[PDB]
């Protein structure tokens, strides 16, 4: 994957968990021969699609990282609807994979469990970067050459 132009946009709402996701994505990127992907920080998940849209203009793949955790109101449902709709539209408008590393949990421990910390069951940042890179390589192979 050393030739792929990779972008990562990570939100900052719930800082420790977001850093963990990013750390996972970067390590997968580096392990695949990419030492310097484009990394951009935004505040919350609502801000990801617009930044992903900009990044997709000149990258083969964008990894979307963030953490939405349910509060006391229906607001959680609408934040996740907005991000779902936006990323989906961005990937199709740009014909570019936007990988899903945006945790959507009922609880904080569930998010921690999926963030790739030493005792976590899995790592979404890593998983989303693999998805982005595999899908970019597939698309490159399907498209025009040579």
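Positions refer to the first chain, counted from 1.
In this crystal structure, the stretch out of 66-74 and 97-105 whose C-alpha atoms carry the higher mean B factor is 97-105. Residue 53 sits in the lowest third of its chain by CA B factor, as recorded in the PDB entry.
The PDB entry assigns residue 30 a C-alpha temperature factor belonging to the lowest third of its chain's modelled residues.
Residue 45: CA B factor in the highest third of modelled residues in this chain (values from the PDB entry).
Sort the modelled residues of the chain by CA B factor and residue 4 lands in the highest third. Sort the chain's modelled residues by C-alpha temperature factor and residue 128 lands in the middle third, per the entry.
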